[PDB]
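*Asks:* Dropping a structure here in structure tokens format, bear with me for questions.
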Amino acid sequence: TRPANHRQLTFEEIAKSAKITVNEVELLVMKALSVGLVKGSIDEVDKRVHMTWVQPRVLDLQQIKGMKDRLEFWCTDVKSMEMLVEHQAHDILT
Amino acid sequence: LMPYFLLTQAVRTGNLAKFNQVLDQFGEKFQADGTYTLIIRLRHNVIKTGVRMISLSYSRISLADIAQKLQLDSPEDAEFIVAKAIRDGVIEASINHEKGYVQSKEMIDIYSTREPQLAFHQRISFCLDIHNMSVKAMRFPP
Amino acid sequence: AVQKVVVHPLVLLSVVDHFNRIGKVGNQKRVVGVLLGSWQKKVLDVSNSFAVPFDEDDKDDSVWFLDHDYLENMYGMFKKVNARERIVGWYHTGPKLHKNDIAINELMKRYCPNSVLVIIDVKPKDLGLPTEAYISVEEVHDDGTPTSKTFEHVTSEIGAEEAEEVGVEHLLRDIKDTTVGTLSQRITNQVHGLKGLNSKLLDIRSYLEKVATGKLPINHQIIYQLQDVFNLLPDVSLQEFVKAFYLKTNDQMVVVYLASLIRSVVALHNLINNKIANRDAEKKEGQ
Amino acid sequence: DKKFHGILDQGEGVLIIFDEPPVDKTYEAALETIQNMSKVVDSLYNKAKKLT
Amino acid sequence: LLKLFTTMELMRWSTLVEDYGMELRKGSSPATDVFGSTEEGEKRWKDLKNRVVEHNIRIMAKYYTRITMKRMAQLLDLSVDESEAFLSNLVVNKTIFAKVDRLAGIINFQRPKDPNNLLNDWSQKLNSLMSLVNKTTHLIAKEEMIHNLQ
Amino acid sequence: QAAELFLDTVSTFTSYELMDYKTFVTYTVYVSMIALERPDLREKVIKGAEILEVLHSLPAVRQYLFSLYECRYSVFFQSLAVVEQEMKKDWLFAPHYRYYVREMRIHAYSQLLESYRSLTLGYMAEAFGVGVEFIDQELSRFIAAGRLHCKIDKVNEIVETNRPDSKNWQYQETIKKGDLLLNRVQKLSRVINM
Amino acid sequence: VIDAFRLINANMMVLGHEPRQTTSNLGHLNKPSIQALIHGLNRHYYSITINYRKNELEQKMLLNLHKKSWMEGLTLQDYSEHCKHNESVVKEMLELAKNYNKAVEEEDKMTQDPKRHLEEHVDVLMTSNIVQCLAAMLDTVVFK
């Protein structure tokens, strides 16, 4: 669920999630990484976990509508940057 | 420039007496050139020069210390002077009168930012313009 | 299985010519032929092809007359001409598949176990290659869904023999681009890259629209790949990345600045020489 | 004396030992080329300002 | 025991002792002389402790970026000073990369991040993303072309 | 240049009509200390055979030079004060004693701060054998003049060390040299284009 | 190197008449090969002009051969390799700057390769650096 912008999960977040105090979220994340569910690292000095992957699974129609919305945004950004570059460099495009 | 050399010496020393005696001695040349309004705005920026040197060679100096070093009357007056210097952006720092000390901006490593890009952009555009001007001025007379 | 298929300019031209001649003599949506090539690991090399007589009832959608006897006769004569080219698949010049494609691939699998369809679109696009490759795989879906004998996409590429590269280059000599990166062409290539990325994102968004509304079913491999893509999107607002980015941009800009300074000095030297030459010429003319 | 890449700190009372990034050779070459082009411009001064 | 030493996770030495002590050291199914009770038994016990700590340190260096000493001590079953000495010995031997910020105890396995490397990782991410979106659009074209046919 | 010439001619001093070898060696030591970096100083003065031979006879010049080299700074200021007096009395160096003392003080301060990121004023004063007001005033003066890379912090007396990184220094040098060259190019272009 | 031919009847050549009529300027503008001459180009046969019928669709299909992918259009050069190349070319350009300084000085005191090579190096540096800078900008915008 967390987007790549702020995929820095926190020990307190994982505590408010599946019920465990913050002294074994470390072990839980270790188990996840070892099994291969997720990838990344755990900065326990700052008490947060960096996730750079997730094992994909099967989704719901609403979970795909969310992906559709995210695409809509991405397409809009790409089109805007395309128009900007094309207009700016119009006089040198071959 | 000798009269202005004396003027610069007096301001750098920060002594109103030497500043005034220089002014009285060389008023004539100052009529001839025309600076009097500037030469009193000078006194203003003479106290400003004192505060700017202080902020140039310090990072967390206290208000009492600033006042003592500038020979100001009170830390209150020093606080006013430094705050106005901040406003004018001649020292470009901060201030904090909870503990009565003027903090300076946390100097940042100015190469991982857009200032080098902006400077090189100005210089690159200038060089491109010079090349274009030269290749345009190139002439073939027949 | 086959991981890659590389089609050749000769195959593309032969397919285009076949379609043109068939559509000139008559009218048909598709034209069908056999693709001859060789294997090198799981990398098929479709180096030749030949058309086969074929017509179908576009209404019934299940009656067609691919000519096996013609296929085998042509394959034998092509074997006689060249031997290292065995039947490796077939092609049809239809932009879209049909219910007959699975049946015709079943027919072709008698001549090749790993028979591969290659749809070669005669209509010329502008973003992707004109060839789409398909391999018929029928396996119990680990998904747990009913399994039907259907196609699966195969990575496709365009490659050329040297004796075909010479001909291609000669034919394109008039409209060829420079085989070097000139700044204008590099900027144009970046713009075309943005165009292609936008088109692909639009296609994915349209498919997501259709699957979400309900027209199409949820393809689990598609959804897995999209999930992985969104996992793979970078984070560009990270401070540790912004700092490195500014550092590298400044390094590149200082190199550019030095280059432009040198270029301006050289141009000034050239103009100094020109002014001196003009002075000399006018003095000589005057005297 | 530059025996190791570290700097003391008389505050917290510490020795920060680090790895000094290599001296960028592109800037060294750029500065040398800058001075070379400066003397080239001096030569161009000698040429033009004296012959025109 | 072999399964634990092959797993890529932290096996606590205290728990390993509680579970596998009697059956490796006091025997039942005899007790192998290795891990006995005499000089070369106790020494090999300490050697096994060292192997457990080495395994734990490797797992940390593989699944951490900044682990506090306060935490390594407890999770490794050594006092703060003992853990620091063990890690320093490993670092000198060049088996484990780790820099200990002893002032704050911020033991860090992060190798210094060159801007070249950071932007290279970014570019590789982008390259793989474009390749994956291309593959996804190919499969999407196939899926639409097939099911829309029905 | 005086250091260069004196060190090149130290081993073969023949001009006894100007000054005796001892005076010449004192001049070489002084000029070398004020002109040479630490590595060259160690290679050519501290490890100089013909200079050490005479510095055995001269016990004060040796104390000056080695107090600087071995980072003994209280003794260094003592030796610098005696050098200032001697070299005010001298006739050839007479219009240089203020400048030389100032430059040697700056060299000592830069040398102390060269191996520190944050040096407390108390420690600096104890090292130099002076008070805290003295060090504060001197450091403020030289930082204002731009001769030291350090910023004072008086509320909690600490001398932070703002030395510029290698890349930052390279960027600043590029800006300066490019500004000079670009001014020259602009002047030439405007002279010639018309 | 392809060439068409047809034979000249043995009677026509001896009859003094030219092997082939010449009613237009088309057909000429082709330089016959020395090998063909020495093997009797015009004495037994004659070279016909070869033209090629190129359709627009065929040309586009041919272009598909080496047509670049939008990936390669939008991709970035390895940054370590880019830095190495910039450093190498800048050092080479430094050497050429020294050479060009000496060349200008000597020529203007007694009154080219250095200038030309320096121009080529500056051109390659500018194009490569600008292309990668713009590609990085586009990536940062487009991919978020």
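Chain labels follow the order of the structure tokens: the first chain is A, the next B, and so on; residue numbering restarts at 1 in every chain, and ligands are counted from 1 in their shown order.
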Please give the complete set of residues from region 25-251 of chain C that DSSP, run on the backbone, assigns to strand (DSSP E), formatted as a ChimeraX atom specification.
*Replies:* /C:32-39,43-51,86-92,116-120,131-137,150-158
*Asks:* Using only C-alpha atoms, determine which residues lie at most 9 Å from region 113-116 of chain B, disregarding the query and same-chain residues fewer than 3 positions distant; provide the list as a list in words.
*Replies:*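 Everything that qualifies: residues 109, 110, 119, 120 and 121 of chain B; 242, 243, 245, 246, 247, 249, 250, 253 and 254 of chain C; 171 of chain F.
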*Asks:* Residues at most 7 Å from region 121-134 of chain E, counting only C-alpha atoms, excluding those fewer than 6 positions away in the same chain, as a ChimeraX atom specification?
*Replies:* /C:225,229,232-234 /G:71,75-76
*Asks:* Just the selected residues (N, CA and C atoms), exported as an mmCIF file, in the first residue's frame, please.
*Replies:*
data_model
loop_
_atom_site.group_PDB
_atom_site.id
_atom_site.type_symbol
_atom_site.label_atom_id
_atom_site.label_comp_id
_atom_site.auth_asym_id
_atom_site.auth_seq_id
_atom_site.Cartn_x
_atom_site.Cartn_y
_atom_site.Cartn_z
ATOM 1 N N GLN C 225 3.131 -8.008 -13.081
ATOM 2 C CA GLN C 225 4.127 -7.147 -13.704
ATOM 3 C C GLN C 225 3.867 -5.684 -13.379
ATOM 4 N N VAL C 229 6.323 -3.090 -11.491
ATOM 5 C CA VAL C 229 6.673 -1.781 -12.042
ATOM 6 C C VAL C 229 6.496 -0.699 -10.984
ATOM 7 N N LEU C 232 9.022 -0.667 -8.595
ATOM 8 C CA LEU C 232 10.296 -0.263 -9.171
ATOM 9 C C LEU C 232 10.393 1.234 -9.421
ATOM 10 N N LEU C 233 9.290 1.969 -9.338
ATOM 11 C CA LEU C 233 9.370 3.416 -9.500
ATOM 12 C C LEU C 233 10.347 4.007 -8.482
ATOM 13 N N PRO C 234 11.274 4.869 -8.903
ATOM 14 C CA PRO C 234 12.230 5.455 -7.957
ATOM 15 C C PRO C 234 11.613 6.546 -7.091
ATOM 16 N N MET G 71 13.118 2.918 -25.274
ATOM 17 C CA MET G 71 13.998 2.654 -24.144
ATOM 18 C C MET G 71 15.355 3.302 -24.366
ATOM 19 N N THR G 75 17.168 6.254 -22.175
ATOM 20 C CA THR G 75 18.069 5.641 -21.212
ATOM 21 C C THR G 75 19.296 6.515 -20.972
ATOM 22 N N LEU G 76 19.989 6.230 -19.874
ATOM 23 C CA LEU G 76 21.129 7.013 -19.425
ATOM 24 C C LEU G 76 22.412 6.205 -19.537
#
*Asks:* Tell me the residues of chain C close to chain G, meaning within 9 Å using only C-alpha atoms, as a ChimeraX atom specification.
*Replies:* /C:8-9,12-13,16-17,122-130,157-160,165,168-169,171-172,175-176,181-183,186-197,233-236,245,248-249,251-253,255-260,262-263,266
*Asks:* Could you please select, counting only C-alpha atoms, the residues of chain A within 9 Å of chain C and state them as an MDAnalysis selection string?
*Replies:* chainID A and resid 3:6 52:62 64:65 67:69 71:72 74:76 78:79 81:82 85:86 89 92:94
*Asks:* Could you list the residues in chain E lying within 9 Å of chain C, using only C-alpha atoms, and format the result as JSON, numbers by chain?
*Replies:* {"E": [114, 115, 116, 118, 119, 122, 125, 126, 128, 129, 130, 132, 133, 134, 135, 136, 137, 138, 139, 140, 141, 142, 143, 144, 145, 146, 147, 148, 149, 150]}
*Asks:* Pull N, CA and C atoms from the residues just selected and write them as a short mmCIF file (atom, residue, chain, number, x, y, z; two decimals), in the first residue's frame.
*Replies:*
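What ended up in again39.cif:
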data_model
loop_
_atom_site.label_atom_id
_atom_site.label_comp_id
_atom_site.auth_asym_id
_atom_site.auth_seq_id
_atom_site.Cartn_x
_atom_site.Cartn_y
_atom_site.Cartn_z
N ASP E 114 29.01 6.31 -3.07
CA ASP E 114 29.50 7.22 -4.09
C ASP E 114 28.33 7.76 -4.91
N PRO E 115 28.31 9.06 -5.22
CA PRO E 115 27.27 9.56 -6.13
C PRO E 115 27.20 8.79 -7.44
N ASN E 116 28.34 8.37 -7.98
CA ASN E 116 28.33 7.50 -9.15
C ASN E 116 27.45 6.29 -8.89
N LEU E 118 25.12 5.82 -6.55
CA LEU E 118 23.73 6.15 -6.27
C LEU E 118 22.96 6.40 -7.57
N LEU E 119 23.52 7.23 -8.45
CA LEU E 119 22.85 7.50 -9.71
C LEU E 119 22.88 6.29 -10.63
N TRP E 122 19.95 4.33 -9.53
CA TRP E 122 18.76 4.99 -10.05
C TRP E 122 18.55 4.67 -11.53
N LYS E 125 17.39 1.12 -12.00
CA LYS E 125 15.97 1.04 -11.67
C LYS E 125 15.12 1.52 -12.84
N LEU E 126 15.49 2.66 -13.43
CA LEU E 126 14.72 3.19 -14.55
C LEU E 126 14.77 2.26 -15.76
N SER E 128 15.23 -1.04 -15.81
CA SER E 128 14.39 -2.20 -15.54
C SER E 128 12.92 -1.83 -15.58
N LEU E 129 12.57 -0.63 -15.11
CA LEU E 129 11.18 -0.20 -15.14
C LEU E 129 10.68 -0.07 -16.58
N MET E 130 11.48 0.54 -17.46
CA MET E 130 11.06 0.65 -18.85
C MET E 130 10.97 -0.72 -19.51
N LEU E 132 10.25 -3.51 -18.05
CA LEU E 132 9.09 -4.20 -17.51
C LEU E 132 7.79 -3.62 -18.05
N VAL E 133 7.73 -2.30 -18.23
CA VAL E 133 6.52 -1.71 -18.80
C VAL E 133 6.36 -2.14 -20.25
N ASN E 134 7.47 -2.28 -20.98
CA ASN E 134 7.39 -2.79 -22.35
C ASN E 134 6.86 -4.22 -22.36
N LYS E 135 7.40 -5.08 -21.50
CA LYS E 135 6.91 -6.46 -21.45
C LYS E 135 5.44 -6.49 -21.06
N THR E 136 5.05 -5.65 -20.10
CA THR E 136 3.66 -5.61 -19.66
C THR E 136 2.75 -5.18 -20.79
N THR E 137 3.16 -4.20 -21.60
CA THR E 137 2.30 -3.78 -22.70
C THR E 137 2.23 -4.84 -23.78
N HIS E 138 3.31 -5.60 -23.99
CA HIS E 138 3.23 -6.72 -24.93
C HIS E 138 2.20 -7.74 -24.46
N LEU E 139 2.29 -8.13 -23.19
CA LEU E 139 1.33 -9.10 -22.67
C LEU E 139 -0.08 -8.54 -22.65
N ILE E 140 -0.23 -7.24 -22.40
CA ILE E 140 -1.55 -6.60 -22.43
C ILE E 140 -2.13 -6.65 -23.84
N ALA E 141 -1.31 -6.35 -24.85
CA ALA E 141 -1.77 -6.46 -26.22
C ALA E 141 -2.23 -7.88 -26.51
N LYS E 142 -1.44 -8.87 -26.08
CA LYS E 142 -1.85 -10.26 -26.29
C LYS E 142 -3.18 -10.56 -25.61
N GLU E 143 -3.34 -10.13 -24.36
CA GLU E 143 -4.54 -10.45 -23.60
C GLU E 143 -5.78 -9.82 -24.24
N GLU E 144 -5.69 -8.54 -24.60
CA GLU E 144 -6.81 -7.88 -25.26
C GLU E 144 -7.12 -8.56 -26.58
N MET E 145 -6.08 -8.80 -27.38
CA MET E 145 -6.25 -9.42 -28.69
C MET E 145 -6.87 -10.80 -28.60
N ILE E 146 -6.63 -11.52 -27.50
CA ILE E 146 -7.21 -12.85 -27.35
C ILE E 146 -8.65 -12.76 -26.85
N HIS E 147 -8.85 -12.15 -25.69
CA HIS E 147 -10.17 -12.22 -25.06
C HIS E 147 -11.19 -11.36 -25.79
N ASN E 148 -10.79 -10.20 -26.30
CA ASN E 148 -11.70 -9.41 -27.11
C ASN E 148 -12.19 -10.20 -28.32
N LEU E 149 -11.38 -11.15 -28.79
CA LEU E 149 -11.80 -12.00 -29.90
C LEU E 149 -13.03 -12.81 -29.53
N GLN E 150 -13.07 -13.34 -28.31
CA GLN E 150 -14.22 -14.10 -27.83
C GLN E 150 -15.45 -13.21 -27.75
#
*Asks:* Near residue 27 (chain G), counting only C-alpha atoms, which residues have an atom at most 10 Å away, once you skip same-chain residues fewer than 5 positions from it, shown as a list in words?
*Replies:*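 Residues near the query, excluding close chain neighbours: residues 22, 47, 48, 49 and 50 of chain G.
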*Asks:* Within 9 Å of residue 76 (chain B), counting only C-alpha atoms, which residues show up once you throw out same-chain ones fewer than 4 positions away? Write them as a VMD selection string, please.
*Replies:* chain B and resid 63 to 64 67 80 to 81
*Asks:* Considering only C-alpha atoms, return as a list in words whatever protein or nucleic-acid residues lie within 9 Å of residue 19 (chain D), sequence-local ones (same chain, fewer than 5 positions apart) excluded.
*Replies:* residues 4, 5 and 6 of chain D; 112 of chain E
*Asks:* Identify all chain C residues at most 8 Å from chain F by counting only C-alpha atoms; ligands do not count. Present them as an NGL selection string.
*Replies:* :C and (265 or 268 or 272)
*Asks:* Could you please take those selected residues and save N, CA, C and O atoms as a short mmCIF file (atom, residue, chain, number, x, y, z; two decimals), in the first residue's frame?
*Replies:*
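For reference, selection28.cif as written:
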data_model
loop_
_atom_site.label_atom_id
_atom_site.label_comp_id
_atom_site.auth_asym_id
_atom_site.auth_seq_id
_atom_site.Cartn_x
_atom_site.Cartn_y
_atom_site.Cartn_z
N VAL C 265 36.72 31.08 -27.52
CA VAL C 265 38.07 31.58 -27.78
C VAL C 265 38.51 31.21 -29.19
O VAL C 265 39.13 32.02 -29.90
N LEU C 268 36.82 33.53 -31.60
CA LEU C 268 37.47 34.84 -31.58
C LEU C 268 38.76 34.80 -32.38
O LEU C 268 39.06 35.74 -33.12
N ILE C 272 39.66 37.10 -35.57
CA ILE C 272 40.88 37.91 -35.62
C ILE C 272 41.59 37.67 -36.94
O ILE C 272 42.03 38.61 -37.63
#
*Asks:* I'd like the interatomic distance between CA of residue 3 (chain F) and CA of residue 2 (chain D), to a tenth of an Å.
*Replies:*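 Taking CA of residue 3 (chain F) and CA of residue 2 (chain D), their separation equals 24.5 Å.
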*Asks:* Please identify all polymer residues within 10 Å of residue 90 (chain B), counting only C-alpha atoms, omitting same-chain residues fewer than 2 positions from it, and present them as a PyMOL selection string.
*Replies:* chain B and resi 45+48-49+51-52+55+82+84-88+92-93
*Asks:* Residues of chain D no more than 10 Å from chain E, counting only C-alpha atoms: send them over as a ChimeraX atom specification.
*Replies:* /D:12-19,21
*Asks:* How would the residues just chosen look if you wrote them out with N, CA and C atoms as a PDB file, in the first residue's frame?
*Replies:*
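What landed in again17.pdb:
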ATOM      1  N   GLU D  12      32.990  17.445  21.698  1.00  0.00           N
ATOM      2  CA  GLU D  12      32.641  16.161  22.290  1.00  0.00           C
ATOM      3  C   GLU D  12      33.864  15.320  22.646  1.00  0.00           C
ATOM      4  N   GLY D  13      35.064  15.723  22.229  1.00  0.00           N
ATOM      5  CA  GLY D  13      36.268  14.996  22.581  1.00  0.00           C
ATOM      6  C   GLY D  13      36.395  13.720  21.784  1.00  0.00           C
ATOM      7  N   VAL D  14      36.590  13.858  20.474  1.00  0.00           N
ATOM      8  CA  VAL D  14      36.421  12.750  19.545  1.00  0.00           C
ATOM      9  C   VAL D  14      37.471  12.829  18.445  1.00  0.00           C
ATOM     10  N   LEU D  15      37.656  11.711  17.748  1.00  0.00           N
ATOM     11  CA  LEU D  15      38.472  11.644  16.538  1.00  0.00           C
ATOM     12  C   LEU D  15      37.594  11.118  15.409  1.00  0.00           C
ATOM     13  N   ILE D  16      37.147  12.010  14.530  1.00  0.00           N
ATOM     14  CA  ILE D  16      36.332  11.611  13.389  1.00  0.00           C
ATOM     15  C   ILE D  16      37.279  11.119  12.301  1.00  0.00           C
ATOM     16  N   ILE D  17      37.327   9.810  12.094  1.00  0.00           N
ATOM     17  CA  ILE D  17      38.166   9.212  11.062  1.00  0.00           C
ATOM     18  C   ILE D  17      37.285   8.873   9.872  1.00  0.00           C
ATOM     19  N   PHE D  18      37.651   9.383   8.700  1.00  0.00           N
ATOM     20  CA  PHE D  18      36.814   9.277   7.516  1.00  0.00           C
ATOM     21  C   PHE D  18      37.697   8.893   6.338  1.00  0.00           C
ATOM     22  N   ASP D  19      37.117   8.923   5.142  1.00  0.00           N
ATOM     23  CA  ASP D  19      37.829   8.638   3.906  1.00  0.00           C
ATOM     24  C   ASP D  19      37.691   9.844   2.989  1.00  0.00           C
ATOM     25  N   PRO D  21      37.456  11.981  -0.135  1.00  0.00           N
ATOM     26  CA  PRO D  21      37.173  11.667  -1.532  1.00  0.00           C
ATOM     27  C   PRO D  21      38.326  12.081  -2.416  1.00  0.00           C
TER      28      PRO D  21
END
*Asks:* Output as a VMD selection string all residues of region 48-283 of chain C that backbone DSSP marks as alpha helix (DSSP H).
*Replies:* chain C and resid 68 to 81 100 to 108 162 to 171 183 to 213 220 to 232 239 to 283
*Asks:* Could you please select, counting only C-alpha atoms, the residues of chain B within 10 Å of chain C and state them as a compact mmCIF listing (two decimals) with C-alpha atoms, in the first residue's frame?
*Replies:*
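Below you can see result_26.txt, which holds the result:
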# COMPACT_ATOMS: atom_id res chain seq x y z
CA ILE B 110 27.50 25.01 -1.61
CA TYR B 111 28.24 22.53 -4.35
CA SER B 112 25.33 20.06 -4.00
CA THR B 113 22.84 22.79 -4.82
CA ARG B 114 21.78 24.87 -7.83
CA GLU B 115 24.15 27.82 -7.26
CA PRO B 116 27.01 26.18 -9.21
CA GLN B 117 24.50 25.34 -11.92
CA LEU B 118 23.28 28.94 -12.07
CA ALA B 119 26.79 30.39 -12.19
CA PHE B 120 27.92 27.97 -14.88
CA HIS B 121 24.68 28.67 -16.75
CA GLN B 122 25.38 32.40 -16.81
CA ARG B 123 28.95 31.80 -17.97
CA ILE B 124 27.92 29.20 -20.57
CA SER B 125 25.27 31.50 -22.02
CA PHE B 126 27.83 34.31 -22.13
CA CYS B 127 30.34 32.13 -24.00
CA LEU B 128 27.68 30.92 -26.44
CA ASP B 129 26.68 34.53 -27.09
CA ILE B 130 30.30 35.55 -27.69
CA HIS B 131 30.77 32.73 -30.18
CA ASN B 132 27.57 33.70 -32.00
CA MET B 133 28.63 37.35 -32.13
CA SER B 134 32.06 36.44 -33.48
CA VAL B 135 30.76 34.05 -36.13
CA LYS B 136 28.25 36.71 -37.19
CA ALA B 137 30.86 39.48 -37.38
CA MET B 138 32.95 37.22 -39.61
CA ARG B 139 32.82 39.01 -42.97
CA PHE B 140 33.92 38.25 -46.53
CA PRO B 141 34.35 41.51 -48.44
CA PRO B 142 33.62 40.65 -52.02
*Asks:* In Å, how far is it from CA of residue 8 (chain A) to CA of residue 44 (chain A)?
*Replies:*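 Computing it gives 11.8 Å between the two atoms.
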